[PDB]
Amino acid sequence: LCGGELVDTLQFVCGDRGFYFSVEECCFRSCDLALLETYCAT
Amino acid sequence: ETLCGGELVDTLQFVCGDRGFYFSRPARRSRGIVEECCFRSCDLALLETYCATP
Amino acid sequence: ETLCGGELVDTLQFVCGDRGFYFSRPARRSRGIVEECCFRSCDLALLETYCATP
Amino acid sequence: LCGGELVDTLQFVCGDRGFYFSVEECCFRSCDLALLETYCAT
Amino acid sequence: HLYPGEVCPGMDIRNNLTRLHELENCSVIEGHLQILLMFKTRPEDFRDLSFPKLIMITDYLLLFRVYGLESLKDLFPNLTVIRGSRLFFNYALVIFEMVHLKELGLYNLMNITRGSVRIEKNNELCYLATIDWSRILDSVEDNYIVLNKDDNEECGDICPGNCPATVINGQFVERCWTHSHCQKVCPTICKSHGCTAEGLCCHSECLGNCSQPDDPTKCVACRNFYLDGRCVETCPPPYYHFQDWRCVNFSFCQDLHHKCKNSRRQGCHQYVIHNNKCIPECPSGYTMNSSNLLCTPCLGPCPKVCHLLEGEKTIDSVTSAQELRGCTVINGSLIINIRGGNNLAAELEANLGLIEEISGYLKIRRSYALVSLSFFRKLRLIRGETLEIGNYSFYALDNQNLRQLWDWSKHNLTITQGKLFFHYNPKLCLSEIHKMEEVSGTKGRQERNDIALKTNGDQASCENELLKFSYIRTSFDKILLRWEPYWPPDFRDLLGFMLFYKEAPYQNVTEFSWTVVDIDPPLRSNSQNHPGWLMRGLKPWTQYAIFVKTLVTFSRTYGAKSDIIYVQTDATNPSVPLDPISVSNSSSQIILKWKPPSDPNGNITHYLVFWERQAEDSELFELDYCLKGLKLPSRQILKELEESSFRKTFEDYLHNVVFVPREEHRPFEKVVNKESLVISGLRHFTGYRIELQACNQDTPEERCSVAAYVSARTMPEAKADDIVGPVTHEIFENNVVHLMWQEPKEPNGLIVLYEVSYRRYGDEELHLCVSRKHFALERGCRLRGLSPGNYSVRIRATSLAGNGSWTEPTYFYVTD
Amino acid sequence: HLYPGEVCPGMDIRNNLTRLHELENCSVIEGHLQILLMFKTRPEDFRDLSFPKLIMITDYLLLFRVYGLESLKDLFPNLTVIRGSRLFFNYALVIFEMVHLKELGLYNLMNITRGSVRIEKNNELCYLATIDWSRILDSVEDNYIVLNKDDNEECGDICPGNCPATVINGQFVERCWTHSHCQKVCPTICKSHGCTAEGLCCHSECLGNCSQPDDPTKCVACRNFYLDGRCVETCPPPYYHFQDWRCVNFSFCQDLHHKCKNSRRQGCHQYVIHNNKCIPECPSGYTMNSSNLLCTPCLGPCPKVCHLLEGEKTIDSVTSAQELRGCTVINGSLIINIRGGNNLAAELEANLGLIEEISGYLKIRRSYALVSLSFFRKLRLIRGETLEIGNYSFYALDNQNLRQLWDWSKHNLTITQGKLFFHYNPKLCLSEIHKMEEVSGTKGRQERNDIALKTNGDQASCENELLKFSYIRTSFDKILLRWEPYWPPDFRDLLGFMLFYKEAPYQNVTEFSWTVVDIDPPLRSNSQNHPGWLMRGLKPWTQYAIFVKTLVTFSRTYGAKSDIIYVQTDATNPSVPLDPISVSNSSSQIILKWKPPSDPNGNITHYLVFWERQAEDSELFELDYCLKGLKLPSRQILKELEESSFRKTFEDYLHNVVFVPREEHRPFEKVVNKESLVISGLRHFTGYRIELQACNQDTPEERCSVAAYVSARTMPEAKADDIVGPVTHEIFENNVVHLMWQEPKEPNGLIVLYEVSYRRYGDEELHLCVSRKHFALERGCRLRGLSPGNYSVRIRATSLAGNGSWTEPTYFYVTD
């Protein structure tokens, strides 16, 4: 998974909250959901 | 030399031979045959004592 | 409530505060801090006794 | 393995001793070398 | 019929066949029969011996190394039923080391009341797999038949069958005893009551076989009891039941007791009477009364003691436990050791469970099939006077399946001396052991290395600390997981959670495939952060079984797990319908076939299929097909554990040292509940583009799959390519013949060329190509230079399908 | 240069920076420095503090939670060497919980004599991976640097480099301390003697850095010793070594001892003199002499007792063991527990091993890196006066790598009381434990469940019963195995042998991939039959490692194994040479390339390659190429264990109960030691069939592979297709022109047709086809009907390669 294709994951884990861009965390390393929750900020 | 089940019968009827094995009645002693010749080494007399006439 | 390494330091310097921790010389007792508060529950006085002035 | 192709194995395990035919023991079952030694008789 | 003959209580024959004549008058045996240890015998010595009178065996039959015996069909031709009152190592029929045996021959065996059959190490016996033990025994799974001639060799089981056959796993097979006789199988309406040769049901009380159906007077073996031939289910007084197979008058029991009393036989029992039963000894609570043989209840709670030789007893078989039947106080110690593979809970509960106090210790070692100790129904006190070596009162060693020790909602226990001992009980857990310790009352009687923490329950999830799931919801393709945080008393010992997930077809899945994923422990929130985890990849619309288990270092262990929670993924867009094939059979009928997609991903509501009309290929109009080359188409892990521990142990050292105390409308149809479609009304010899796609959701917007493209072509008509209309010709001054003919407005695709053959009387046939441009620019054909005379003209139309029929010879006369 | 300043023995700074002024005059520290527990500090308070005078640290440096510190480049700009005489948990430099630190800044560190470095849990420090610890420490593998900012984050290590760089695993990388300074790396000719900025080697005695090369007078830190600035390797009398770093006159040591004697400080030592060394106390065998401070040897064997607080001591670190250095008799008990991952045998042997008698018990628990107890060099007697709980004198628990306990060829031991205890030692085996029991003399002091049989050596092949192989020989494709039979005392316990085999590239393979096969136990021969086994499938000419291990049920265990025997499979016929490609560059030169076969199966002696000539296709001669369409080619197991045990236990019951006591020469070449070939002398524009094959054996008959067929075609010549010879023409009465021309006897394959173009003055160009049959039957061309006049005739020859050059215009005049 990488950029463009990966937006559905943050839409999944954040819902109707929105997010800011950054792919370097799972295009090369692994998406462990730990960064994904903090990527979207209320 | 220790002998165990299976070959113990073939060892018998040869050391004893001719005559069979005596049997009166059940009358467990927990020391029948296995703990005499299989677990520990046993001699010719311990097999001879299981004959019928002698 | 039992507290162990890592958070024990943050618990300290707050129960003690202002003043530091006394130190004379090494002079092991095998009962320093771990078997007092981590292995077993420990109260406020057991932390207060590690202050410097009081 | 089965008949015709199998002859090399009895030649292997019997050497210059020859053998008599019988494949029903290894075409469907497994060759454990137990029957092969006894197949060739001096 | 009655049993004419002496009951001849059980005996054994050894060392000579001359001792086999004691059964000359025997219809029943009130004991066990043992024919074994025959060495100086030959098959020629067995052709004469036969015992047709023997009918019924009470205890068991054992054969062990009888040389020269090839079949029992001549020895016991009438062995009907074996009671199995007392077994030989929980086996009612043992055939061991049976050299020279070929076939069993017991073609008259009907029922075996209690026990099992073990036949092994015969090396010569076949005719075994051709039998049905289900109609013979009551628990086939308890049998043990291996190491015979049947498996390692291929002795042909040739037998009539004619004879009845039945299924065992998935196929029928004849059930034959020998080459001449076969197992008697009759309808199930007579479960065990017996049935005659024709098929009439015997009497209900009868068992196995009978002569006159529905008549107990003419039976051969009746299940309940026996008296004077005409047996009844329960004989009335003054007849008292004897040995659970017959009843006799009080005089018989009285004289038998007197005979045992006056003749001090070491094996005789002082038979008493208790509830019309001449039993050897009535149980605890009754006293042997000199006046009347019946034992009246006593005015005192005196139990029936059970004295044990050398203060020990090994319980390894049903017959071993049967010696303690009726006993309630053991004056010794019990060592349960059941090397098995089949559970013995029922028989152990039947024999044991009536005992209350054990003078010595109770030891359970190497037992395998034991799933629980619940068969000790009335076990109350363990005195432990004869303490086990090492000063123990309870033992447990290498019990592979010891799941539960006791039900402590109701049960009670008491241990006086000694200490518990548990080791290598993978199915037993420390919770039950601690409950043992609390209930018993020996809490202050424990030492180190008496209850190993790492051996008991090592592969049984029993930390008994439950974990909840905070919130979860599964989306179009994936699923997110989240659960409440957990923390041991020392938070450094939590190394992260283990997540288990697998696809569960039905609602039930076994607890502890099973793919796992490592979870990093969450940061110390000291607001609390839920750990959670995001899955990666799955098969949608499947029932997924998910649960999480903590992983904490062994320092006490305080792990946690969650309940098996089933989460159902939603549905999605289906795949292309598998194998799209279209076949045409009639002029307007085209049949298209397809299979459901490999992953339906949705209940297929309907199929949206479109068939579209196309125009002829553009390059076809601009290609000439009379030029040469006219081929027109015929269209490993311990280091990580220590690294956490090594990091922890240095932190403890540092703290200790530092701190110091003070859409185009293509015709379509919604094909519903059908993997096929037939379409009508199609033009002749015209192709079709078929767009095939499937939808699995209609009312909440059409969730439809991707399109699938296949090509279908129809066969032409019969006389569509033939040229119709008169062949008008215009003749100029130069005798130029300009042919007029009306084209087939509805052809087989398109007519590419024409063939004109005009022949004069005595002349030959000529040919000319009339292409589409030739037919258009010249408005037909234009013949030039025709010899004088009347020509017979035939025109052939060449269409896409092929050459049309020759037109009828047309005659035109030019001036000579 | 000298060390101008007070030695200021080691101290610690806590809770306020006002205590950091004690180092105002300090060039050396005869102790340890601890700066830790700083909470009310800010980075603005650290910009002023600097200690350029500090050079050498004797014991260690520890920093723990000093808030506000961002870099040590301003704190210790001259920390050259750390002696590491006494460590902090076997670490000479600990940086723990260093919040706010960014870069290390110790750009003057050169050498660490003894110890390691542990930096972790900083959460802010980078500039770590850009350093070279190899030139700093002596054992890099003992370091422990994790949980910093370097790994979880990506703080850029931007630094000059300019600065030296070196390889670490497979790539070069600059070694920089900070963004302005980098590690000083100079040639290896000065291993540790030091080297100036230019590169000149310092004095041999010098260490780390120096001002004037090859001059001890101007050094900054010299490894051996120190005196009066101009240090020497060993100072002569009357100077005695002090604290292993300097020496002083006898007066200094005498007055220091007097000061400690008169001032009863609890930490002071009564320093003595022993071999020109003012040590705190000389070892066993000497007595403190009131007259002269030196301790003369005593006239009696009095050892140096080592009294222990609360009779116990936990050895978990190098610093823990260093307290017992020099001790020989322990008045207590030792509990060794090394939670590690790196072996500590060297330092433990250096500190321990001089002890002889232990008053209490010796316990080893949870130790991991310990591979042997051999570091107890002089351990003789274990009195066991203070017996361990449970009445033990020796302990062993969860030792993951305890391979060998002691070398019993020479060692001696003695245990007075107590009993041994071994549990969960997967690398320790019962043979060593039984040797322990025999040598110690406590043979009659053992009980059940003190030495577990199934835990010790469970994953270590140590049954120490050797098995031979009878005879083995490997054939063309497969291998047969055979070994001598083995039988335990009870032959029923042998369940068959385990055979292990794998491919071993080199001669050494680890003992206990590793594919296994089950072996059925051989029949009881009671002539003896060898079990043997036949392999199935292998890769030929490979070194195969094979050994067999018996599998016997646990009842004592008496299994057996064989030595790792390596058997080499013979060689075979090679495969087709991989990737056969042939390319032509010149008229006679064709270059063919190939690779060795995937499985050579043999030393390839030579390649046998054949190139063959072919004739032109037969159908080509019979095909006309002027007809339209003339496209001429451009040429799980426990149940099985119990089933054996269950079968065995029934026979034992049966025996107890029953018995009661009283060739076409295509040109070829043997291509040797070459995967390619160049061939010369080939006809122009002629194809070739190449038969490629390889052989790996020549002298003992040619063992050759299968043939490989490839096609090669040569390019044509320059002017081979041009028609040569005069164009003679025969003119008949009908002006029929019969052309004569000689064909190109050596053409480019074959000339299919000819093109003749004759043009008159003012006329046009005509064409005519001259096929092979036309050129043969008519003997060339035959022109008919030529208009009067002189025609310019050109002839074009059409060959397989293509159309030849137009012939020169030939003029012939026919009558007007």
# chains A, B, ... in the order shown; residues from 1 in each chain; ligands from 1
call {"tool": "interface_residues", "arguments": {"of": "chain B", "to": "chain F", "cutoff": "6 Å", "atoms": "only C-alpha atoms", "output": "list in words"}}
result
residues 32, 33 and 50 of chain B
call {"tool": "residues_around", "arguments": {"residues": "stretch 752-756 of chain E", "least_positions_apart": "6", "cutoff": "10 Å", "atoms": "only C-alpha atoms", "output": "tab-separated table (two decimals) with N, CA and C atoms, in the first residue's frame"}}
result
chain	number	residue	atom	x	y	z
E	620	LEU	N	-14.49	-4.93	-44.69
E	620	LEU	CA	-15.11	-5.96	-45.53
E	620	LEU	C	-15.72	-5.36	-46.78
E	621	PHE	N	-16.35	-4.18	-46.66
E	621	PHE	CA	-16.94	-3.54	-47.83
E	621	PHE	C	-15.89	-3.12	-48.85
E	623	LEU	N	-12.96	-4.62	-49.42
E	623	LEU	CA	-12.10	-5.74	-49.80
E	623	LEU	C	-12.74	-6.51	-50.94
E	624	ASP	N	-11.97	-6.77	-51.98
E	624	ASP	CA	-12.43	-7.56	-53.12
E	624	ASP	C	-12.11	-9.03	-52.88
E	625	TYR	N	-13.08	-9.90	-53.16
E	625	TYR	CA	-12.96	-11.32	-52.86
E	625	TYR	C	-12.93	-12.19	-54.11
E	626	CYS	N	-12.66	-11.61	-55.28
E	626	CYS	CA	-12.34	-12.39	-56.47
E	626	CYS	C	-10.85	-12.39	-56.79
E	632	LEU	N	-12.13	-15.63	-47.66
E	632	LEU	CA	-13.16	-14.96	-46.87
E	632	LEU	C	-13.45	-15.78	-45.62
E	723	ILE	N	-31.08	-15.26	-55.36
E	723	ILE	CA	-31.48	-14.03	-56.04
E	723	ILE	C	-32.93	-14.16	-56.49
E	739	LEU	N	-27.14	-6.78	-67.21
E	739	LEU	CA	-28.03	-7.62	-66.41
E	739	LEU	C	-28.65	-6.83	-65.27
E	765	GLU	N	-19.36	-23.13	-70.54
E	765	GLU	CA	-19.83	-22.25	-69.48
E	765	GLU	C	-18.79	-21.17	-69.20
E	766	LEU	N	-19.24	-19.92	-69.14
E	766	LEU	CA	-18.39	-18.79	-68.82
E	766	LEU	C	-18.68	-18.29	-67.41
E	767	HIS	N	-17.74	-17.51	-66.87
E	767	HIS	CA	-17.87	-16.97	-65.53
E	767	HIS	C	-17.44	-15.51	-65.52
E	768	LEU	N	-17.99	-14.76	-64.56
E	768	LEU	CA	-17.65	-13.36	-64.41
E	768	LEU	C	-17.94	-12.94	-62.97
E	769	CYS	N	-17.05	-12.12	-62.41
E	769	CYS	CA	-17.21	-11.61	-61.05
E	769	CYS	C	-18.03	-10.33	-61.07
E	770	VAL	N	-19.01	-10.25	-60.19
E	770	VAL	CA	-19.83	-9.05	-60.01
E	770	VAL	C	-19.66	-8.62	-58.56
E	771	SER	N	-18.71	-7.71	-58.32
E	771	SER	CA	-18.43	-7.24	-56.98
E	771	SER	C	-19.47	-6.20	-56.55
E	772	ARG	N	-19.34	-5.73	-55.30
E	772	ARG	CA	-20.27	-4.73	-54.79
E	772	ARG	C	-20.18	-3.44	-55.59
E	773	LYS	N	-18.95	-2.99	-55.88
E	773	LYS	CA	-18.78	-1.82	-56.73
E	773	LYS	C	-19.24	-2.11	-58.16
E	774	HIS	N	-18.97	-3.32	-58.65
E	774	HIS	CA	-19.45	-3.69	-59.98
E	774	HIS	C	-20.97	-3.70	-60.04
E	775	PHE	N	-21.61	-4.21	-58.98
E	775	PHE	CA	-23.07	-4.21	-58.93
E	775	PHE	C	-23.65	-2.82	-58.70
E	780	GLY	N	-25.56	-3.62	-61.62
E	780	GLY	CA	-25.66	-5.03	-61.94
E	780	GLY	C	-24.42	-5.51	-62.68
E	781	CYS	N	-24.64	-6.39	-63.65
E	781	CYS	CA	-23.58	-6.90	-64.50
E	781	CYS	C	-23.68	-6.27	-65.88
E	783	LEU	N	-22.36	-7.67	-69.54
E	783	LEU	CA	-21.68	-8.64	-70.38
E	783	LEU	C	-21.39	-8.05	-71.75
E	793	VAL	N	-28.58	-19.29	-69.08
E	793	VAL	CA	-27.90	-18.43	-68.11
E	793	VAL	C	-28.28	-18.88	-66.71
E	794	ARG	N	-27.27	-19.10	-65.87
E	794	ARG	CA	-27.46	-19.40	-64.46
E	794	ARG	C	-26.63	-18.41	-63.65
E	795	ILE	N	-27.20	-17.91	-62.56
E	795	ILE	CA	-26.54	-16.93	-61.71
E	795	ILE	C	-26.41	-17.51	-60.31
E	796	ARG	N	-25.20	-17.45	-59.75
E	796	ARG	CA	-24.93	-17.93	-58.40
E	796	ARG	C	-24.55	-16.73	-57.54
E	797	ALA	N	-25.22	-16.58	-56.40
E	797	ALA	CA	-24.93	-15.48	-55.49
E	797	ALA	C	-24.00	-15.96	-54.38
E	798	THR	N	-22.87	-15.28	-54.23
E	798	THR	CA	-21.87	-15.61	-53.22
E	798	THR	C	-22.03	-14.64	-52.06
E	799	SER	N	-22.53	-15.15	-50.93
E	799	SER	CA	-22.75	-14.35	-49.74
E	799	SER	C	-21.66	-14.63	-48.71
E	800	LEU	N	-21.81	-14.05	-47.52
E	800	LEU	CA	-20.88	-14.32	-46.44
E	800	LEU	C	-20.94	-15.78	-46.01
E	802	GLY	N	-21.82	-18.36	-47.90
E	802	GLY	CA	-21.24	-19.17	-48.95
E	802	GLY	C	-21.91	-18.87	-50.28
E	803	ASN	N	-21.77	-19.82	-51.20
E	803	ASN	CA	-22.35	-19.68	-52.54
E	803	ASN	C	-23.82	-20.08	-52.50
E	804	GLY	N	-24.67	-19.22	-53.04
E	804	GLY	CA	-26.09	-19.52	-53.11
E	804	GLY	C	-26.41	-20.53	-54.20
E	806	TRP	N	-27.73	-22.15	-57.59
E	806	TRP	CA	-27.76	-21.75	-58.99
E	806	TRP	C	-29.18	-21.37	-59.39
E	807	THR	N	-29.32	-20.22	-60.06
E	807	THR	CA	-30.63	-19.83	-60.56
E	807	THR	C	-31.06	-20.75	-61.69
call {"tool": "select_by_dssp", "arguments": {"residues": "stretch 748-792 of chain F", "states": "strand (DSSP E or B)", "output": "list in words"}}
result
residues 751, 752, 753, 754, 755, 756, 757, 758, 759, 760, 769, 781, 782, 783, 789, 790, 791 and 792 of chain F
call {"tool": "write_last_selection", "arguments": {"atoms": "N, CA, C and O atoms", "output": "compact mmCIF listing (two decimals), in the first residue's frame"}}
result
# COMPACT_ATOMS: atom_id res chain seq x y z
N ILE F 751 18.53 -18.37 -56.63
CA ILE F 751 17.82 -17.31 -57.33
C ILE F 751 16.47 -17.86 -57.78
O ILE F 751 16.41 -18.84 -58.53
N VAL F 752 15.39 -17.24 -57.31
CA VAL F 752 14.05 -17.73 -57.62
C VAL F 752 13.57 -17.23 -58.97
O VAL F 752 13.03 -18.00 -59.77
N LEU F 753 13.76 -15.95 -59.27
CA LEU F 753 13.19 -15.35 -60.47
C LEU F 753 14.18 -14.35 -61.05
O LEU F 753 15.21 -14.04 -60.46
N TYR F 754 13.83 -13.84 -62.24
CA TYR F 754 14.60 -12.80 -62.90
C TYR F 754 13.66 -11.71 -63.40
O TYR F 754 12.50 -11.98 -63.74
N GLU F 755 14.17 -10.48 -63.45
CA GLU F 755 13.41 -9.33 -63.94
C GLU F 755 14.20 -8.70 -65.08
O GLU F 755 15.32 -8.23 -64.88
N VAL F 756 13.60 -8.70 -66.27
CA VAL F 756 14.23 -8.14 -67.47
C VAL F 756 13.48 -6.88 -67.87
O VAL F 756 12.25 -6.91 -68.03
N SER F 757 14.21 -5.78 -68.03
CA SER F 757 13.62 -4.49 -68.38
C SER F 757 14.33 -3.95 -69.62
O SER F 757 15.45 -3.44 -69.53
N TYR F 758 13.68 -4.07 -70.77
CA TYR F 758 14.19 -3.54 -72.03
C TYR F 758 13.37 -2.32 -72.43
O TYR F 758 12.14 -2.39 -72.51
N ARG F 759 14.06 -1.20 -72.67
CA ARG F 759 13.40 0.06 -72.98
C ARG F 759 14.02 0.64 -74.24
O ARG F 759 15.24 0.77 -74.34
N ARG F 760 13.17 1.00 -75.21
CA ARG F 760 13.60 1.66 -76.42
C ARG F 760 13.64 3.17 -76.21
O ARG F 760 13.05 3.70 -75.26
N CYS F 769 8.66 -12.45 -65.96
CA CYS F 769 9.12 -13.39 -64.95
C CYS F 769 9.87 -14.54 -65.60
O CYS F 769 9.40 -15.13 -66.58
N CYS F 781 15.39 -17.03 -70.84
CA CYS F 781 14.18 -16.30 -71.18
C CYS F 781 13.91 -16.44 -72.67
O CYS F 781 14.78 -16.83 -73.46
N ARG F 782 12.67 -16.14 -73.06
CA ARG F 782 12.28 -16.19 -74.47
C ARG F 782 11.30 -15.04 -74.71
O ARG F 782 10.10 -15.18 -74.43
N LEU F 783 11.81 -13.93 -75.21
CA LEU F 783 10.98 -12.76 -75.47
C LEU F 783 10.32 -12.87 -76.84
O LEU F 783 10.91 -13.35 -77.81
N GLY F 789 13.46 -1.24 -83.23
CA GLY F 789 14.28 -0.24 -82.57
C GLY F 789 15.27 -0.87 -81.62
O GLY F 789 15.24 -2.06 -81.32
N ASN F 790 16.17 -0.02 -81.13
CA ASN F 790 17.22 -0.44 -80.20
C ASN F 790 16.71 -0.29 -78.77
O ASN F 790 16.33 0.81 -78.36
N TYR F 791 16.70 -1.40 -78.03
CA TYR F 791 16.22 -1.42 -76.66
C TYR F 791 17.38 -1.47 -75.68
O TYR F 791 18.36 -2.19 -75.88
N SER F 792 17.26 -0.69 -74.61
CA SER F 792 18.21 -0.72 -73.50
C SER F 792 17.73 -1.75 -72.49
O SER F 792 16.73 -1.52 -71.79
call {"tool": "interface_residues", "arguments": {"of": "chain E", "to": "chain A", "cutoff": "12 Å", "atoms": "only C-alpha atoms", "output": "PyMOL selection string"}}
result
chain E and resi 472-482+517-523+529-537
call {"tool": "select_by_dssp", "arguments": {"residues": "chain B", "states": "helix (DSSP H, G or I)", "output": "number ranges by chain"}}
result
B: 7-11, 34-38, 44-48
call {"tool": "interface_residues", "arguments": {"of": "chain E", "to": "chain F", "cutoff": "10 Å", "atoms": "only C-alpha atoms", "output": "PyMOL selection string"}}
result
chain E and resi 34+36-37+64+88-89+96+120+144+146+316-317+338-341+368+389-390+400+423+447-450+627-629+638-639+642-643+645-651+653-654+657-658
call {"tool": "residues_around", "arguments": {"residues": "residue F:287", "least_positions_apart": "4", "cutoff": "12 Å", "atoms": "only C-alpha atoms", "output": "ChimeraX atom specification"}}
result
/F:272-274,281-283,291-304
call {"tool": "residues_around", "arguments": {"residues": "stretch 10-25 of chain B", "least_positions_apart": "6", "cutoff": "6 Å", "atoms": "only C-alpha atoms", "output": "ChimeraX atom specification"}}
result
/B:51-52 /E:15
call {"tool": "residues_around", "arguments": {"residues": "residue E:207", "least_positions_apart": "3", "cutoff": "7 Å", "atoms": "only C-alpha atoms", "output": "PDB file with N, CA and C atoms, in the first residue's frame"}}
result
ATOM      1  N   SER E 192     -32.815 -56.353  20.409  1.00  0.00           N
ATOM      2  CA  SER E 192     -32.062 -57.463  20.975  1.00  0.00           C
ATOM      3  C   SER E 192     -32.966 -58.616  21.388  1.00  0.00           C
ATOM      4  N   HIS E 193     -34.268 -58.535  21.111  1.00  0.00           N
ATOM      5  CA  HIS E 193     -35.212 -59.553  21.554  1.00  0.00           C
ATOM      6  C   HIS E 193     -35.070 -60.868  20.801  1.00  0.00           C
ATOM      7  N   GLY E 194     -34.308 -60.896  19.715  1.00  0.00           N
ATOM      8  CA  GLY E 194     -34.166 -62.093  18.916  1.00  0.00           C
ATOM      9  C   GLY E 194     -35.127 -62.124  17.740  1.00  0.00           C
ATOM     10  N   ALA E 221     -31.818 -68.157  25.002  1.00  0.00           N
ATOM     11  CA  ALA E 221     -31.127 -67.284  25.948  1.00  0.00           C
ATOM     12  C   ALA E 221     -31.991 -66.052  26.156  1.00  0.00           C
ATOM     13  N   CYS E 222     -32.487 -65.859  27.373  1.00  0.00           N
ATOM     14  CA  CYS E 222     -33.334 -64.722  27.698  1.00  0.00           C
ATOM     15  C   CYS E 222     -32.599 -63.756  28.619  1.00  0.00           C
ATOM     16  N   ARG E 223     -32.715 -62.466  28.299  1.00  0.00           N
ATOM     17  CA  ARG E 223     -31.807 -61.463  28.842  1.00  0.00           C
ATOM     18  C   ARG E 223     -31.953 -61.309  30.351  1.00  0.00           C
TER      19      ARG E 223
END
